[PDB]
């Protein structure tokens, strides 16, 4: 358990980087848009059109989701061929390439570099959410396996928060240091590049994927700390039997047979309910929505949503196992549906009452606080509980595609919907939050 901390802590760095890159583009939105118009003038002697500047910057945040899709498609490619440890170590290449492309984007007067960098890091982030959850599971003892598996989620939320903190005007969220705000990912990457070579390879990769019965226990004896591991070594050979007993079905065989078309419908929808609820409307445009209200120091209100999100993440841990899963998901959608309304109330009466800007903060704070106990974790505590070791890997891949797709719809189209709906944007979220509430109250079972 001593050497165990190093093997995990070096893997979580990717999940911290996952959370970072997700929420870096929140506070420094205004300053990077000023760079886009400044580049547009220098090239063509012309101020950029606002509708074009919108779809252009929306593409700069949304393309990251497209990368995540490809990445989560390719997790199995590198995992089973190159290993778990060696995969996370080489994929730091993308992080550096992306840091260079985004850091030197301003110096080259190229928004293409920034977009291209935002994409490459998206690939890294789509792969990371397959490497890290898998590596920590194939490392920790069965007892500590449930607890240490949480550090991935915490890495996402804390990473978002650090990005929003560094997004202040005092620090890096300004006209001078926004290229460094995007590029600072090289530090965690360089740290993980130093740590991982000293971390142990996944025993399950040595035992199964490479048939090294004796080299495996050479790891667990230093990893588990215990001298012998005769029982754990056989625990792996017991689930290797249970994982490979039934044929692992493919994505194609999942849609075809009508034995899986009802569980998958639940899986996909619950993924759409995580994204089309509209939390990445906050975690991407928090500082923009708050400014559209009457918020003073709007970047701090985003850090508030970041802190609130971190808080209720920890609370959720002691509630998921302490209560049901149908209930915590219905409560979540209902809470978000109320805050989405409370937002519209706080956004409509603000023009008359110069203090509803405070209510908008209370609203979004509850909007993300309820998400973290409902449509955040539950969609993963059901898909895995709807498929055995055979068709489960195929369900993750579809849910991954379903998650990145829906996440791309929000991140890309939210600013196109905001110019038309005005204060009635969160109505769409409120509508969808109801459809997802109806669907779960009837067509979704309990586990």
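Positions refer to the first chain, counted from 1.
**Q** Averaging the C-alpha B factors as listed in the entry, name the stretch that ends up higher: 128-136 or 314-322.
**A** In the deposited entry, the stretch with the higher C-alpha B-factor mean is 314-322.
**Q** Quick one: higher average CA temperature factor, 223-231 or 192-200?
**A** The entry gives the higher C-alpha B-factor average to 223-231.
**Q** Just the C-alpha B-factor column, please: which of 411, 68, 28, 45 has the biggest number?
**A** In the PDB entry, the greatest C-alpha B-factor among 411, 68, 28, 45 is found at 45.
**Q** Which has the highest CA B-factor per the PDB entry: 279, 339, 100, 328?
**A** Of 279, 339, 100, 328, 328 has the highest C-alpha B-factor.
**Q** Taking the entry's C-alpha B-factors for this chain, is residue 32 in the lowest, middle or highest third?
**A** It belongs to the lowest third of the chain when residues are ordered by C-alpha B-factor.
**Q** In terms of the chain's CA B-factor thirds, is residue 353 lowest, middle or highest?
**A** Top third by C-alpha B-factor.
**Q** Which third of the chain does residue 398 land in by C-alpha B-factor: lowest, middle or highest?
**A** Its C-alpha B-factor belongs to the middle third of this chain's values.
**Q** For residue 210, does the deposited CA B-factor place it in the lowest, middle or highest third of the chain?
**A** Highest third - that is where residue 210 ends up once the chain's C-alpha B-factors are sorted.
**Q** Can you tell me which third, lowest, middle or highest, the CA B-factor of residue 146 falls into for its chain?
**A** Tercile = highest for this residue's CA B-factor.
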